[PDB]
Each structure stands twice: as structure tokens, then as C-alpha cells.
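Structure, as C-alpha cells:
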Protein chains: 2
Amino acid sequence: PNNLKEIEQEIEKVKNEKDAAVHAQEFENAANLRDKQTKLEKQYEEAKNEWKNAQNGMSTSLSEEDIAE
Amino acid sequence: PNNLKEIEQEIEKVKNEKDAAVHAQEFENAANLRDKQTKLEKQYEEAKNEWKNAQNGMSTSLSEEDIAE
């Protein structure tokens with residue numbers, strides 16, 4: 001429910017920018033992009049873990065409204 | 001005459017080190033390698049430009065010793 005797509009897009013754009021800057025002979029700006037990508041990946045992993053942990057707390061039982069729908 | 005090779009051999013090591021560092025996810029050390037490569041290329045170009053002037057200035061007279069040899 002719109003939790004991980006936004007983080008995935010931020011990783012994708014940073015990866016594309018780093019790939020574009022590699023061929024441009026821009027080594028000074030690549031370290032910041034690499035650090036930002038690593039931080040984004042760590043945050044994405046933490047968000048995925050905390051999202052999948054919260055689902056096990058409750059049970060997705062079936063009520064009479066779902067069958068009627 | 002130990003003037004062109006001594007500088008040409010210094011380019012391959014720097015290029016290989018930069019290529020290895022790029023694939024090693026180490027973008028912090030690449031700036032120094034790029035700067036050193038640029039400085040070495042400038043020095044090599046200046047040496048190559050100044051080396052041919054002496055050869056062009058002199059005349060390659062064909063002596064009779066070469067025919068005998």
C-alpha cells in the first residue's frame with residue numbers, strides 16, 4: 001500500500017545517475033551517490049522488514065461482507 | 001632513446017588502477033588517479049612534441065659507410 005515503491009524509485013534514480021556519471025569521468029560526485037544508494041538500500045530493507053513484521057500480528061479472517069461483495 | 005618508453009609505461013599502470021578502482025566500488029580514490037593520469041598525459045605530450053624537433057632540425061645525410069654495411 002504505497003510503502004516500498006517510493007523507496008525503490010529513489011534507489012533506481014540514484015543508480016541511473018551514478019551509471020550516467022561513470023561514463024562522464026565524474027569521480028568526485030560518485031562517492032556521494034554511492035553512499036546515498038547504500039543508505040537508501042538499508043532503509044528499504046528496514047522498511048520491508050518492519051512492514052512484513054506487522055502483518056503477522058493480526059489474522060486476515062473472512063467475514064460475511066467479503067462473500068457478499 | 002629511453003625518453004618515450006619511460007613515460008608511456010607510466011600510463012598503463014594508472015589506467016589499470018583506475019579501471020580496477022571503478023569496479024571495486026571505490027570512487028574516493030579515483031579522483032587522484034584521474035588527476036595523475038592527466039598530469040602524466042600532459043607531460044608525455046610535451047616530451048613527444050619536444051623530442052621530434054631535434055630530429056627534424058638535423059639532416060639525415062646518407063654516408064658511404066651505410067652502403068658498405
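We label chains A, B, ... in the order they appear in the C-alpha cells, count residues from 1 in each chain, and number ligands from 1 in the order shown.
The Cα RMSD of chain B against chain A, after a best least-squares fit over all residues paired in order, is 0.9 Å.
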Write out as a count of residues only which residues come within 12 Å of range 2-14 of chain A when counting only C-alpha atoms, dropping same-chain ones fewer than 3 positions away.
29
Picked from chain B by DSSP as helix (DSSP H, G or I), as a VMD selection string
chain B and resid 5 to 23 30 to 57 64 to 68
May I ask for the distance between CA of residue 27 in chain B and CA of residue 26 in chain A, given in Å to one decimal place?
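These atoms are spaced 9.3 Å apart.
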Would you mind reading off the distance between CA of residue 69 in chain A and CA of residue 53 in chain A, one decimal, in Å?
28.9 Å
Residue with smallest distance to chain A - pool B:63, B:58, B:68, B:28, counting only C-alpha atoms:
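Ranked by minimum distance to chain A, first place goes to B:28.
CA of residue 16 in chain B is positioned 15.1 Å from CA of residue 25 in chain A.
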